[PDB]
>>> print(open('entry-v6.cif').read())   # mmCIF, C-alpha atoms
data_data
loop_
_atom_site.label_atom_id
_atom_site.label_comp_id
_atom_site.auth_asym_id
_atom_site.auth_seq_id
_atom_site.Cartn_x
_atom_site.Cartn_y
_atom_site.Cartn_z
CA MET A 1 -14.16 20.81 -13.05
CA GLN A 2 -13.13 19.74 -16.52
CA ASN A 3 -15.43 18.50 -19.25
CA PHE A 4 -14.38 14.83 -19.14
CA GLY A 5 -16.93 12.01 -18.90
CA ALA A 6 -17.16 8.31 -18.12
CA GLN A 7 -16.38 7.32 -21.71
CA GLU A 8 -13.18 9.37 -21.46
CA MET A 9 -12.36 7.98 -17.99
CA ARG A 10 -12.62 4.40 -19.27
CA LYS A 11 -10.16 5.27 -22.05
CA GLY A 12 -7.81 6.75 -19.41
CA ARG A 13 -8.03 3.88 -16.92
CA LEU A 14 -4.84 2.01 -17.78
CA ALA A 15 -2.79 5.22 -17.62
CA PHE A 16 -4.36 6.09 -14.28
CA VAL A 17 -3.63 2.67 -12.75
CA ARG A 18 -0.06 2.61 -14.09
CA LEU A 19 1.03 6.18 -13.41
CA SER A 20 -0.73 7.55 -10.31
CA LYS A 21 1.39 7.91 -7.19
CA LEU A 22 0.13 6.85 -3.78
CA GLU A 23 0.20 10.42 -2.43
CA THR A 24 -1.93 11.49 -5.38
CA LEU A 25 -4.45 8.74 -4.64
CA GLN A 26 -4.89 9.75 -1.01
CA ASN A 27 -5.44 13.40 -1.94
CA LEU A 28 -7.89 12.45 -4.73
CA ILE A 29 -9.93 10.37 -2.27
CA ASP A 30 -9.99 13.23 0.25
CA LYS A 31 -11.05 15.60 -2.55
CA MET A 32 -13.94 13.29 -3.54
CA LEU A 33 -15.03 13.19 0.10
CA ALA A 34 -15.00 16.99 0.20
CA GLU A 35 -17.05 17.22 -3.01
CA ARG A 36 -19.64 14.75 -1.63
CA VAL A 37 -18.86 12.29 -4.45
CA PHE A 38 -17.92 9.67 -1.84
CA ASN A 39 -19.39 9.07 1.57
CA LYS A 40 -17.01 8.00 4.34
CA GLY A 41 -17.93 4.31 3.94
CA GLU A 42 -16.98 4.35 0.25
CA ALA A 43 -13.67 6.15 0.83
CA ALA A 44 -12.89 3.72 3.65
CA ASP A 45 -13.51 0.78 1.29
CA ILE A 46 -11.29 2.20 -1.47
CA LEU A 47 -8.48 2.82 1.00
CA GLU A 48 -8.78 -0.52 2.74
CA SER A 49 -6.41 -3.16 1.37
CA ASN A 50 -5.87 -5.41 4.40
CA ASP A 51 -5.79 -8.59 2.30
CA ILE A 52 -2.77 -7.40 0.32
CA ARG A 53 -1.25 -5.99 3.52
CA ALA A 54 -1.50 -9.35 5.29
CA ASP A 55 -0.10 -11.03 2.19
CA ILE A 56 2.93 -8.70 2.30
CA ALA A 57 3.34 -9.65 5.98
CA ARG A 58 3.26 -13.38 5.23
CA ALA A 59 5.86 -13.08 2.47
CA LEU A 60 8.17 -10.95 4.61
CA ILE A 61 8.14 -13.05 7.78
CA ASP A 62 8.30 -16.29 5.81
CA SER A 63 11.37 -15.06 3.90
CA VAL A 64 13.01 -14.06 7.19
CA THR A 65 12.25 -17.33 8.99
CA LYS A 66 13.70 -19.41 6.16
CA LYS A 67 17.08 -17.73 6.64
CA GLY A 68 17.31 -18.99 10.24
CA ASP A 69 17.97 -17.67 13.71
CA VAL A 70 20.45 -14.85 13.07
CA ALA A 71 18.22 -13.25 10.44
CA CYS A 72 15.17 -13.70 12.71
CA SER A 73 17.10 -11.99 15.50
CA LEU A 74 17.96 -9.00 13.33
CA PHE A 75 14.35 -8.88 12.14
CA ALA A 76 13.13 -8.91 15.77
CA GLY A 77 15.48 -6.09 16.73
CA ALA A 78 14.14 -4.04 13.84
CA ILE A 79 10.49 -4.68 14.80
CA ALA A 80 11.18 -3.46 18.35
CA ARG A 81 12.73 -0.26 16.96
CA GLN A 82 9.74 0.28 14.63
CA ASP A 83 6.60 -0.56 16.69
CA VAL A 84 6.81 -1.29 20.41
CA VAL A 85 3.27 -2.67 20.71
CA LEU A 86 3.68 -5.15 17.86
CA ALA A 87 7.03 -6.20 19.34
CA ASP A 88 5.35 -6.82 22.70
CA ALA A 89 2.50 -8.80 21.12
CA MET A 90 5.12 -11.08 19.48
CA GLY A 91 7.29 -11.73 22.54
CA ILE A 92 10.15 -9.44 21.51
CA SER A 93 12.08 -7.48 24.13
CA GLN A 94 11.79 -3.70 23.94
CA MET B 1 21.10 -7.47 19.57
CA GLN B 2 18.30 -9.87 20.57
CA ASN B 3 18.30 -13.64 20.70
CA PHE B 4 14.97 -14.20 18.96
CA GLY B 5 15.22 -17.18 16.62
CA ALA B 6 12.97 -18.88 14.09
CA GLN B 7 10.94 -20.88 16.63
CA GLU B 8 9.87 -17.77 18.54
CA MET B 9 9.37 -15.95 15.22
CA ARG B 10 6.90 -18.63 14.11
CA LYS B 11 5.06 -18.34 17.43
CA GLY B 12 4.60 -14.62 16.80
CA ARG B 13 3.66 -15.16 13.14
CA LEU B 14 -0.10 -14.70 13.52
CA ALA B 15 0.35 -11.55 15.60
CA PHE B 16 2.72 -10.12 13.00
CA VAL B 17 0.33 -10.80 10.11
CA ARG B 18 -2.73 -9.34 11.86
CA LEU B 19 -1.18 -6.35 13.68
CA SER B 20 1.53 -4.89 11.41
CA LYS B 21 0.93 -1.48 9.83
CA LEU B 22 1.79 -1.07 6.17
CA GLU B 23 4.43 1.59 6.90
CA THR B 24 6.09 -0.77 9.36
CA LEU B 25 6.23 -3.50 6.73
CA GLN B 26 7.86 -1.20 4.14
CA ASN B 27 10.35 0.05 6.75
CA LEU B 28 11.24 -3.49 7.77
CA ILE B 29 11.86 -4.45 4.14
CA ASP B 30 14.22 -1.50 3.79
CA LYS B 31 15.94 -2.36 7.06
CA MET B 32 16.43 -6.01 6.05
CA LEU B 33 17.90 -4.75 2.79
CA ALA B 34 20.21 -2.49 4.80
CA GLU B 35 21.38 -5.42 6.94
CA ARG B 36 22.15 -7.56 3.83
CA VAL B 37 19.46 -10.02 4.95
CA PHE B 38 17.75 -9.43 1.59
CA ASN B 39 19.23 -8.71 -1.85
CA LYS B 40 17.32 -6.32 -4.12
CA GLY B 41 15.66 -9.25 -5.91
CA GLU B 42 14.14 -10.62 -2.72
CA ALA B 43 12.81 -7.25 -1.54
CA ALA B 44 11.13 -6.79 -4.94
CA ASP B 45 9.48 -10.22 -5.02
CA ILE B 46 7.61 -9.37 -1.81
CA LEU B 47 6.45 -5.98 -3.09
CA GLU B 48 5.80 -6.52 -6.80
CA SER B 49 3.49 -9.47 -6.15
CA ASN B 50 1.43 -7.32 -3.76
CA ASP B 51 0.86 -3.79 -5.13
CA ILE B 52 -1.47 -1.98 -2.72
CA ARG B 53 -1.15 1.21 -4.79
CA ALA B 54 -2.43 -0.41 -7.97
CA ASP B 55 -5.29 -1.99 -5.99
CA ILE B 56 -6.32 1.38 -4.52
CA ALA B 57 -6.09 3.05 -7.95
CA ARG B 58 -8.39 0.50 -9.64
CA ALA B 59 -11.01 0.69 -6.89
CA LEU B 60 -10.91 4.49 -6.99
CA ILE B 61 -11.35 5.06 -10.73
CA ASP B 62 -13.99 2.35 -10.98
CA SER B 63 -16.07 3.92 -8.17
CA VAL B 64 -15.90 7.28 -9.97
CA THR B 65 -16.64 5.93 -13.46
CA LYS B 66 -19.76 4.14 -12.18
CA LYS B 67 -21.14 7.39 -10.72
CA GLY B 68 -21.29 9.01 -14.20
CA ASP B 69 -20.18 12.15 -15.94
CA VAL B 70 -20.38 14.88 -13.26
CA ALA B 71 -18.36 12.82 -10.77
CA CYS B 72 -15.88 11.95 -13.55
CA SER B 73 -15.49 15.65 -14.39
CA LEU B 74 -14.81 16.60 -10.76
CA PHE B 75 -12.32 13.74 -10.58
CA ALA B 76 -10.59 14.88 -13.77
CA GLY B 77 -10.38 18.41 -12.40
CA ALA B 78 -8.62 17.22 -9.26
CA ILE B 79 -6.22 15.02 -11.29
CA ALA B 80 -5.15 18.02 -13.40
CA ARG B 81 -4.46 19.97 -10.21
CA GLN B 82 -2.47 17.10 -8.67
CA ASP B 83 -0.28 15.61 -11.41
CA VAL B 84 0.28 17.12 -14.87
CA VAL B 85 1.81 13.87 -16.23
CA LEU B 86 -1.17 11.81 -15.11
CA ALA B 87 -3.50 14.45 -16.56
CA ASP B 88 -1.70 14.43 -19.93
CA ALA B 89 -1.55 10.65 -20.08
CA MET B 90 -5.32 10.30 -19.50
CA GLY B 91 -6.36 13.01 -21.99
CA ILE B 92 -7.13 15.71 -19.40
CA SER B 93 -6.07 19.21 -20.42
CA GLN B 94 -4.37 21.68 -18.07
#
>>> encode(input="entry-v6.cif", output="structure tokens")
Amino acid sequence: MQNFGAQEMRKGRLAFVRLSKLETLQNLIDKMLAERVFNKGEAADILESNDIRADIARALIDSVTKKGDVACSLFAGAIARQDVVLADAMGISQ
Amino acid sequence: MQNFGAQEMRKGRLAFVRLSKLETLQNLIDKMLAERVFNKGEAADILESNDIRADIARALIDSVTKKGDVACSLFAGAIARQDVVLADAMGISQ
């Protein structure tokens, strides 16, 4: 441990949100599962960010589609090379 | 090369939003940058509007803070062991 309470964690919040790397966040969450601070449901919730994920997907595919057929065709080739199942669900050749 | 234009891309839109993994999405953004489909400004619009990392960080530190001082102290201990810059910025000594 360290002697560092909730008052001190509130004062450190902005730095933590700004500066923490994603790899650090995943390890911290695993460490709080190992210490029994989190149960699996809580860790799952913290990790889940499907709404932002889907919003990234909308922005990406909408930016591609606006550029027309040649961009869409490059995009579809790249999807096939990245995830075969997603390509197949979309109608893309593999 | 595929011939997979905008029409087909719109018909696969809902599958792409629901089924894409986050790592796929980040890879595709890099690929579309590589292919000169995007300029650096476009690839950053997509990502900077939708920071999953910041979302995970806020949910994490707020779960810990609400559990009180022991949990906060364990959390601070693990931060110090992970990232010395984060630890220094938040007031944690190491």
>>> residues_around(input="entry-v6.cif", residues="region 36-41 of chain A", least_positions_apart="4", cutoff="12 Å", atoms="all atoms listed in the file", output="number ranges by chain")
A: 28-32, 45-48; B: 60-61, 63-75
>>> atom_distance(input="entry-v6.cif", atom1="CA of residue 79 (chain A)", atom2="CA of residue 23 (chain A)")
25.1 Å
>>> atom_distance(input="entry-v6.cif", atom1="CA of residue 93 (chain B)", atom2="CA of residue 2 (chain A)")
8.1 Å
>>> resolve_selection(input="entry-v6.cif", expression="the PyMOL selection byres ((chain B and resi 10-14) around 10)", output="PyMOL selection string")
(chain A and resi 54+57-58+61-62+65+72+86-92) or (chain B and resi 5-9+15-19)
>>> calpha_fit_rmsd(input="entry-v6.cif", fixed="chain A", moving="chain B")
1.8 Å
>>> axis_aligned_box(input="entry-v6.cif", around="region 46-58 of chain B", padding_each_side="3 Å", output="JSON")
{"center_x": -0.4, "center_y": -3.2, "center_z": -5.7, "size_x": 22.0, "size_y": 18.5, "size_z": 13.8}
>>> atom_distance(input="entry-v6.cif", atom1="CA of residue 34 (chain A)", atom2="CA of residue 24 (chain B)")
29.1 Å
>>> residues_around(input="entry-v6.cif", residues="residue 52 (chain B)", least_positions_apart="5", cutoff="8 Å", atoms="all atoms listed in the file", output="compact mmCIF listing (two decimals) with C-alpha atoms, in the coordinates of the input")
# COMPACT_ATOMS: atom_id res chain seq x y z
CA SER A 49 -6.41 -3.16 1.37
CA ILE A 52 -2.77 -7.40 0.32
CA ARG A 53 -1.25 -5.99 3.52
>>> closest_residue(input="entry-v6.cif", among="A:22, A:42, A:84, A:77", to="residue 56 (chain B)", atoms="only C-alpha atoms")
A:22
>>> decode(input="entry-v6.cif", residues="region 53-90 of chain B", atoms="N, CA, C and O atoms", output="mmCIF file, in the first residue's frame")
data_model
loop_
_atom_site.group_PDB
_atom_site.id
_atom_site.type_symbol
_atom_site.label_atom_id
_atom_site.label_comp_id
_atom_site.auth_asym_id
_atom_site.auth_seq_id
_atom_site.Cartn_x
_atom_site.Cartn_y
_atom_site.Cartn_z
ATOM 1 N N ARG B 53 -10.050 5.674 -23.615
ATOM 2 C CA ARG B 53 -9.104 5.635 -22.509
ATOM 3 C C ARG B 53 -9.536 6.578 -21.394
ATOM 4 O O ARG B 53 -9.604 6.184 -20.226
ATOM 5 N N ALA B 54 -9.859 7.821 -21.745
ATOM 6 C CA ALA B 54 -10.310 8.774 -20.741
ATOM 7 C C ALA B 54 -11.582 8.293 -20.046
ATOM 8 O O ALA B 54 -11.749 8.492 -18.835
ATOM 9 N N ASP B 55 -12.489 7.661 -20.799
ATOM 10 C CA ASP B 55 -13.723 7.134 -20.219
ATOM 11 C C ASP B 55 -13.426 6.040 -19.200
ATOM 12 O O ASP B 55 -13.988 6.031 -18.096
ATOM 13 N N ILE B 56 -12.537 5.107 -19.558
ATOM 14 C CA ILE B 56 -12.158 4.039 -18.639
ATOM 15 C C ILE B 56 -11.471 4.607 -17.397
ATOM 16 O O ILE B 56 -11.698 4.132 -16.283
ATOM 17 N N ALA B 57 -10.629 5.631 -17.569
ATOM 18 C CA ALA B 57 -9.895 6.192 -16.436
ATOM 19 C C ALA B 57 -10.837 6.847 -15.429
ATOM 20 O O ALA B 57 -10.664 6.686 -14.212
ATOM 21 N N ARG B 58 -11.848 7.577 -15.918
ATOM 22 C CA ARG B 58 -12.782 8.251 -15.026
ATOM 23 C C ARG B 58 -13.618 7.238 -14.249
ATOM 24 O O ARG B 58 -13.799 7.368 -13.030
ATOM 25 N N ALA B 59 -14.100 6.201 -14.931
ATOM 26 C CA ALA B 59 -14.902 5.186 -14.263
ATOM 27 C C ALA B 59 -14.078 4.447 -13.217
ATOM 28 O O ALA B 59 -14.590 4.109 -12.143
ATOM 29 N N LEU B 60 -12.798 4.224 -13.505
ATOM 30 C CA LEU B 60 -11.935 3.487 -12.596
ATOM 31 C C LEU B 60 -11.681 4.278 -11.312
ATOM 32 O O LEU B 60 -11.931 3.782 -10.208
ATOM 33 N N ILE B 61 -11.215 5.522 -11.433
ATOM 34 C CA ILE B 61 -10.829 6.253 -10.231
ATOM 35 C C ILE B 61 -12.056 6.639 -9.417
ATOM 36 O O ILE B 61 -11.979 6.788 -8.192
ATOM 37 N N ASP B 62 -13.211 6.777 -10.064
ATOM 38 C CA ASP B 62 -14.420 7.095 -9.315
ATOM 39 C C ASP B 62 -14.967 5.866 -8.575
ATOM 40 O O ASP B 62 -15.486 5.991 -7.463
ATOM 41 N N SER B 63 -14.834 4.664 -9.147
ATOM 42 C CA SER B 63 -15.181 3.461 -8.382
ATOM 43 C C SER B 63 -14.310 3.324 -7.135
ATOM 44 O O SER B 63 -14.813 3.007 -6.057
ATOM 45 N N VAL B 64 -13.001 3.544 -7.274
ATOM 46 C CA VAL B 64 -12.079 3.414 -6.152
ATOM 47 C C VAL B 64 -12.374 4.463 -5.087
ATOM 48 O O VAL B 64 -12.500 4.140 -3.896
ATOM 49 N N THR B 65 -12.451 5.739 -5.495
ATOM 50 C CA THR B 65 -12.676 6.819 -4.535
ATOM 51 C C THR B 65 -13.911 6.544 -3.686
ATOM 52 O O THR B 65 -13.880 6.728 -2.464
ATOM 53 N N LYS B 66 -14.998 6.069 -4.313
ATOM 54 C CA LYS B 66 -16.231 5.816 -3.572
ATOM 55 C C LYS B 66 -16.086 4.701 -2.542
ATOM 56 O O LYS B 66 -16.800 4.715 -1.535
ATOM 57 N N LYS B 67 -15.180 3.751 -2.751
ATOM 58 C CA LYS B 67 -14.961 2.690 -1.774
ATOM 59 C C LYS B 67 -14.142 3.122 -0.550
ATOM 60 O O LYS B 67 -13.967 2.315 0.368
ATOM 61 N N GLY B 68 -13.631 4.350 -0.492
ATOM 62 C CA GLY B 68 -12.952 4.805 0.716
ATOM 63 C C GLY B 68 -11.447 4.577 0.745
ATOM 64 O O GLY B 68 -10.801 4.201 -0.240
ATOM 65 N N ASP B 69 -10.892 4.770 1.950
ATOM 66 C CA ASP B 69 -9.461 5.057 2.102
ATOM 67 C C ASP B 69 -8.574 3.831 1.884
ATOM 68 O O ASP B 69 -7.502 3.947 1.275
ATOM 69 N N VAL B 70 -8.977 2.662 2.390
ATOM 70 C CA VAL B 70 -8.187 1.446 2.185
ATOM 71 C C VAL B 70 -8.053 1.158 0.692
ATOM 72 O O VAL B 70 -6.946 1.044 0.154
ATOM 73 N N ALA B 71 -9.185 1.065 -0.006
ATOM 74 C CA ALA B 71 -9.153 0.837 -1.445
ATOM 75 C C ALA B 71 -8.294 1.888 -2.150
ATOM 76 O O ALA B 71 -7.481 1.559 -3.026
ATOM 77 N N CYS B 72 -8.445 3.161 -1.767
ATOM 78 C CA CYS B 72 -7.629 4.211 -2.386
ATOM 79 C C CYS B 72 -6.141 3.949 -2.161
ATOM 80 O O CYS B 72 -5.326 4.108 -3.073
ATOM 81 N N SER B 73 -5.780 3.486 -0.966
ATOM 82 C CA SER B 73 -4.379 3.251 -0.644
ATOM 83 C C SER B 73 -3.802 2.094 -1.448
ATOM 84 O O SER B 73 -2.648 2.154 -1.886
ATOM 85 N N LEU B 74 -4.566 1.011 -1.593
ATOM 86 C CA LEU B 74 -4.156 -0.087 -2.461
ATOM 87 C C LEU B 74 -3.974 0.407 -3.887
ATOM 88 O O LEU B 74 -2.956 0.129 -4.534
ATOM 89 N N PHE B 75 -4.956 1.162 -4.381
ATOM 90 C CA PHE B 75 -4.878 1.745 -5.712
ATOM 91 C C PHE B 75 -3.624 2.608 -5.873
ATOM 92 O O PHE B 75 -2.893 2.487 -6.866
ATOM 93 N N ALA B 76 -3.349 3.480 -4.900
ATOM 94 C CA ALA B 76 -2.164 4.327 -4.997
ATOM 95 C C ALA B 76 -0.892 3.491 -5.004
ATOM 96 O O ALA B 76 0.064 3.804 -5.726
ATOM 97 N N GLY B 77 -0.866 2.414 -4.218
ATOM 98 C CA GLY B 77 0.296 1.539 -4.237
ATOM 99 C C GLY B 77 0.562 0.966 -5.616
ATOM 100 O O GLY B 77 1.697 0.980 -6.106
ATOM 101 N N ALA B 78 -0.490 0.470 -6.270
ATOM 102 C CA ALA B 78 -0.340 -0.101 -7.600
ATOM 103 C C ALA B 78 0.012 0.956 -8.648
ATOM 104 O O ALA B 78 0.730 0.646 -9.607
ATOM 105 N N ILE B 79 -0.469 2.199 -8.499
ATOM 106 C CA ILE B 79 -0.056 3.258 -9.428
ATOM 107 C C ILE B 79 1.451 3.481 -9.341
ATOM 108 O O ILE B 79 2.155 3.497 -10.359
ATOM 109 N N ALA B 80 1.959 3.681 -8.119
ATOM 110 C CA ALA B 80 3.391 3.875 -7.899
ATOM 111 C C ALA B 80 4.220 2.781 -8.554
ATOM 112 O O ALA B 80 5.293 3.049 -9.103
ATOM 113 N N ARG B 81 3.745 1.537 -8.498
ATOM 114 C CA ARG B 81 4.490 0.429 -9.081
ATOM 115 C C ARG B 81 4.357 0.377 -10.593
ATOM 116 O O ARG B 81 5.187 -0.262 -11.250
ATOM 117 N N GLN B 82 3.347 1.037 -11.155
ATOM 118 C CA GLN B 82 3.122 0.999 -12.594
ATOM 119 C C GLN B 82 3.818 2.147 -13.318
ATOM 120 O O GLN B 82 4.542 1.918 -14.289
ATOM 121 N N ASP B 83 3.608 3.381 -12.859
ATOM 122 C CA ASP B 83 4.002 4.567 -13.616
ATOM 123 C C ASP B 83 4.477 5.624 -12.630
ATOM 124 O O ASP B 83 3.663 6.181 -11.888
ATOM 125 N N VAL B 84 5.779 5.939 -12.661
ATOM 126 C CA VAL B 84 6.343 6.904 -11.719
ATOM 127 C C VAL B 84 5.880 8.329 -12.029
ATOM 128 O O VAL B 84 5.748 9.152 -11.114
ATOM 129 N N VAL B 85 5.619 8.644 -13.304
ATOM 130 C CA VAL B 85 5.149 9.981 -13.677
ATOM 131 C C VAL B 85 3.712 10.196 -13.209
ATOM 132 O O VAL B 85 3.353 11.264 -12.698
ATOM 133 N N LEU B 86 2.857 9.195 -13.406
ATOM 134 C CA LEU B 86 1.509 9.274 -12.860
ATOM 135 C C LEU B 86 1.551 9.399 -11.341
ATOM 136 O O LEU B 86 0.841 10.230 -10.752
ATOM 137 N N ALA B 87 2.416 8.616 -10.690
ATOM 138 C CA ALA B 87 2.478 8.656 -9.233
ATOM 139 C C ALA B 87 2.884 10.035 -8.748
ATOM 140 O O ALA B 87 2.237 10.599 -7.859
ATOM 141 N N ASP B 88 3.933 10.612 -9.358
ATOM 142 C CA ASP B 88 4.385 11.955 -8.996
ATOM 143 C C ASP B 88 3.306 12.998 -9.249
ATOM 144 O O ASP B 88 3.107 13.912 -8.442
ATOM 145 N N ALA B 89 2.613 12.892 -10.378
ATOM 146 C CA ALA B 89 1.643 13.918 -10.722
ATOM 147 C C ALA B 89 0.456 13.919 -9.763
ATOM 148 O O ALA B 89 -0.134 14.977 -9.516
ATOM 149 N N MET B 90 0.099 12.761 -9.209
ATOM 150 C CA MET B 90 -1.038 12.660 -8.294
ATOM 151 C C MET B 90 -0.662 12.851 -6.827
ATOM 152 O O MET B 90 -1.549 12.790 -5.970
#
